[PDB]
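# Coordinate inspection notes
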Amino acid sequence: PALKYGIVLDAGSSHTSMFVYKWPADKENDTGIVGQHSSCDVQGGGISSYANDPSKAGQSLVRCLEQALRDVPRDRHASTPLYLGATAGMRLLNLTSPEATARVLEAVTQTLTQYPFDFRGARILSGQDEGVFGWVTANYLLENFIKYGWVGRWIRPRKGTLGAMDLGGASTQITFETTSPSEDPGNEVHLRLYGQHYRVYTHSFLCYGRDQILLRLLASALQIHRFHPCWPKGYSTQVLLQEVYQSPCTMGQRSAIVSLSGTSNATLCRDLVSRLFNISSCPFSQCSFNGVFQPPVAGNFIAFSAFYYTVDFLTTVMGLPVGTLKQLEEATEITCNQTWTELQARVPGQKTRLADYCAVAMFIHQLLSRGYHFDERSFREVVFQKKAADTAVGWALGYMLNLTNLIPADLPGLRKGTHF
Ligand SMILES: O=c1ccn([C@@H]2O[C@H](COP(=O)(O)OP(=O)(O)NP(=O)(O)O)[C@@H](O)[C@H]2O)c(=O)[nH]1
Ligand SMILES: [Ca+2]
C-alpha cells in the first residue's frame, strides 16, 4: 500500500496552517482518495502581519516545517511537493505596498527553499481561486464527482454538488454550481472534472472577513455612537485609533486612544451591521450586494471557517438552536442582549473572542439573508461543518489537487465513451 504525500501552507490573514496530505501511489487519480495525514498551526499572526519585519515571516514557519520532516517519511521528502498559498491578508498588503508584499513572499520563499521537500513556490491566490478551490475540496472529499448509477440506468439529473461559503478573517467567498446564465465574466467558472462539465458561480468579498468586519463596525460605532451597541454591557476597552483606521477596509471611514464600552443593544447592533451591505444599485438582472452579480442560491451548501466557529458558539455555549434563519436571528438577539457578566458566566475558560460573538453572529445572519438572499427554504439546505472525511475543509486540498494535477479532466480512455 505505497503512499505519496503533499504539503500546503495556507497563509491566511490571521494564521498560517500547514496541511500534509497522503494518497496511494497507484489509485491517485480516483476522486476522494487524497486525505489529510497531519497538520500544524503556526504560532502568532499571518505572514502579512510581518509587513514591517519580513524575515520573521519565514522564521514563523520553522516549527511547523520541522513537524513535516517527522510527519512525512524521510525517503519521500525529496519527492513530496510543497506549496504556499496566501489569501486576503496578503491581497490587502499588496494594495498598501506591493514592495513589502514582495519582501514577505521573498522571506517565506527563502525559508521554504532550505527544506528537503520539492518546493513549488509561494503565491497569492486570487479571490476566485480561493472560492473555487474550497468548493473542489468539499465536493472531492464527499465524492460528489462520482457518476452515480450503472449502464442503462444513470441517475438523472446527475448528483448535486455542495456549495461552499468560507468566512475567513479578511474576505468571504461564496461558490456554487448554477444553471443560470453568466452576467459577469469575473464570477464565471467552468470546470472539467472526471469527464463532466461544472458550471460554477464564485465571488470573494474583500473586507467582508470576520476581523475586517469587526474593525469596520468598531470604526462605525466610534463615528455614530461613541459606545459599541454590539459589545456586551460591562465590557469596555482602550481603542488605539491608528489601528482602527490603518486597514484598506476602514480608510474610507476616517486622539490616539479612546475608551469604548458595550451597551448590549441588539437593535442598534442590527442597524450598525445593516450599513455594511449596499443594496441600492444593481447593474445586472440581480445582485447579492454592493452591485455584485449573483444568481439565486440553489442546492446544498457547506459553511465552514468562521461560519462554523460562530454557529458552534451559539449551539454549544449559548445552548440555542440555529436550525432555521428565524432561530439564528433569535439566537443572535439573545446573545447580543447578554451583559458582559452573563456572557462570562457561560464560559469558564479563556474569554478571547467572547465580546465579539454578538457582532459576528449578527453579520452572518445578515450576510446570508440580506446579502446572499437565502430564505427559510434555501437555508434548510445549509450545513455548518469544518471537516469532511477526517480532512479540514478549506481551499488547501483543492489547490494541491490542481497544481499536482491529481484530478483528471476526463476519465481514462474516456471510459470507452460510456458517459457520453
Ligand atoms: O478556532 C478559531 C480559529 C479562528 N477563528 C477566527 O475565525 C476567523 C476566520 O479564520 P480563518 O483561519 O478561516 O481565516 P484566515 O486567517 O484563513 N483569513 P483569510 O482567509 O485570509 O481572509 C478569523 O478571524 C479567526 O480569528 C475563530 O473564531 N476560532
Ligand atoms: Ca482562509
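## As for the domain arrangement of the protein chain
If you check the domain split of the protein chain, you get domain 1 (1-125 + 390-420) and domain 2 (126-389). Taking only C-alpha atoms into account, the centre of domain 1 sits 25 Å from that of domain 2. Across the boundary between the two partners, domain 1 contributes 36 residues, which contact 37 residues of domain 2. Buried area between domain 1 and domain 2, both sides added, is near 2,900 Å², and the carbon and sulfur share of it is 66%. A per-residue breakdown of the area domain 1 buries against domain 2 is headed by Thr31, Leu92 and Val393, which together make up 24% of the total. Across the contact surface, domain 1 and domain 2 share 2 salt bridges. Here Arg91 and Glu130 are joined by a salt bridge, their closest N and O atoms 2.8 Å apart. Counting every contact that joins domain 1 to domain 2 gives 16 residue pairs in polar contact. Secondary structure elements with two or more residues in the side of domain 1 that touches domain 2: helix 3 (88-96), strand 18 (391-392) and helix 14 (396-403). For the side of domain 1 that touches domain 2, the element with the highest residue contribution is helix 3, accounting for 6 residues.

## Some details on the sheet that holds strand 15 (residues 301-304)
What the 6 strands build is an open sheet, ordered 10-11-9-8-15-16; its pairing is mixed. The open sheet is flanked by strand 10 (188-193) and strand 16 (382-384), the only strands paired with a single partner. Between one strand axis and the next, the sheet turns by 20 degrees as a mean value, whatever way the strands run. Examined bridge by bridge, strand 10 and strand 11 (residues 196-206) share 6 bridges and lie antiparallel to one another. What sits directly across from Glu188, in strand 11, is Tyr201.

## What about the layout of surface pockets?
When its volume is computed, the largest pocket comes out at roughly 1,200 Å³. Forming the boundary of the largest pocket are 49 residues, of which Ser14, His15, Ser305, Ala306 and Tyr309 lie nearest the centre. Mapped onto the lining of the largest pocket, the elements with two or more residues apiece are strand 2 (16-24), strand 3 (35-41), helix 3, strand 8 (163-167), helix 6 (210-224), helix 9 (305-317), strand 18 and helix 14. Of all the elements, helix 9 adds the most residues to the lining of the largest pocket, at 9 residues. There are two domains that each give the lining of the largest pocket at least three residues, and those are domain 1 (1-125 + 390-420) and domain 2 (126-389). Approximately 850 Å³ is the volume attributed to the second largest pocket. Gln212, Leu215, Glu243, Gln246 and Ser247 are the residues nearest the centre of the second largest pocket, which is lined by 35 residues in total. Of all the secondary structure elements, the ones that give two or more residues to the lining of the second largest pocket are helix 3, helix 6, strand 12 (228-233), strand 13 (236-240) and helix 7 (241-245). Its residues placed into classes, the lining of the second largest pocket shows 17 nonpolar, 13 polar and 5 charged. Per-domain counts for the lining of the second largest pocket show at least three residues from each of domain 1 (1-125 + 390-420) and domain 2 (126-389).

Cut-offs used in this document
Residues numbered from 1 in each chain as written, not as in the entry; some residues may be left out. Chains lettered and ligands numbered in written order. Heavy atoms only, no water. Domains from an automatic or database assignment. Contact = heavy atoms within 4.5 Å. Buried area = accessible area lost by both parts, 1.4 Å probe. Salt bridge = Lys/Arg side-chain N within 4 Å of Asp/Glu carboxyl O. Polar contact = N/O pair within 3.5 Å; in protein donor to acceptor, adjacent residues only side chain to side chain. Helix = DSSP H or I, 4+ residues; strand = E, 2+ residues; numbered from the N terminus. Pairing = 2+ DSSP bridges. Axes fitted to C-alpha atoms, helices over the stretch in contact; angles between N-to-C directions. 1 Å grid on protein atoms, 1.4 Å probe; cavity = no way out; pocket = protein on both sides within 12 Å on 5 of 7 lines; lining within 4 Å. Points joined across faces, edges and corners; volume = space filled by probe spheres on them. Nonpolar A, V, L, I, M, F, W, Y, C, P; charged D, E, K, R; others polar.

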